[PDB]
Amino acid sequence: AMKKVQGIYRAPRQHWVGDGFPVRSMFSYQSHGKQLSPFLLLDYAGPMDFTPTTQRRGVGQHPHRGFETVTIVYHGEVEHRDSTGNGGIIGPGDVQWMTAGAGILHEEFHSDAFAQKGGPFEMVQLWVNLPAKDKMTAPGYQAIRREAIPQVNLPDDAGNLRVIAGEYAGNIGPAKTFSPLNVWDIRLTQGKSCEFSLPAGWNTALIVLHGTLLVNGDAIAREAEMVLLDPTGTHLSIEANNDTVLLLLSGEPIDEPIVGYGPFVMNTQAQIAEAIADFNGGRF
């Protein structure tokens, strides 16, 4: 049985996060959050050309608690800093997987090298929820180099698939996760198609960044659109009408309440109140 297309959703207008991240919120837990779990949020940054500058564009220090954030860089360079003492530069093809867990402070800025030169900036920021038992896990950070992400050639010269998290055709992705999920970066060649088998009951979304995609033979998704699938079923087909770049997100639902406010995502309102009080009290 196919994972039926539930709907196609166009990106909203762009908004700024800080002065470094012009993003479109392609989905968020406030709408269809149960049908997207474990994924809470996806902000698509760019694509935008930045001017050479002496300024350090980015987003200043702020807290998170209760979930993980994933940065997938396509163009440009970001420098990461967080309160566990982790740092580093994420460039094209690199990924960072940050666990906020019990609580973290972080900031993200254009790298000095990217500041000096300018050019295209394109990135996806993904929030991944944690199961309740793991929400106060210790904060941590995975820097994932492009070279560590398997690139799998699709059959029939159809393109390639980068396994960031999860497993495709026996290729395991380097990102460690708290619940079972896939994050696949797919380049599908115009006129080519591919069939995917996904676990039964997993929530699944396709995020089209570039190109035009025919899904299940009957739904068309274009640049900066989200295809939300029905979790029931196991089979999905995609066909590229033009060379397409997409993210496939799929995961076992976390069947626990979502209570989110600002930078915090917990299971209850009292836990949100505790996060605000801890942050205000200097505990982060």
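Sequential numbering from 1, following the sequence displayed.
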Mean C-alpha B-factor comparison - 63 to 71 and 238 to 246, higher one:
238 to 246
Averaging C-alpha B-factors over each stretch, which comes out higher, 25 to 33 or 38 to 46?
25 to 33
Options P174, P180, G101, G88 - largest CA temperature factor per the record
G88
Just to confirm, going by the entry's C-alpha B-factors, which of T204, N160, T84, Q96 comes out highest?
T84
Within this chain's modelled residues, let me know which third the CA B factor of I164 belongs to: lowest, middle or highest.
lowest
Sorting by Cα B-factor within the chain, modelled residues only, which third would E147 end up in: lowest, middle or highest?
highest
Would the CA B-factor of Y141 place it in the lowest, middle or highest third of its chain?
highest
In terms of its chain's C-alpha B-factors, the third that includes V215 is the middle
Which third, lowest, middle or highest, does the CA B-factor of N129 fall in along this chain?
lowest
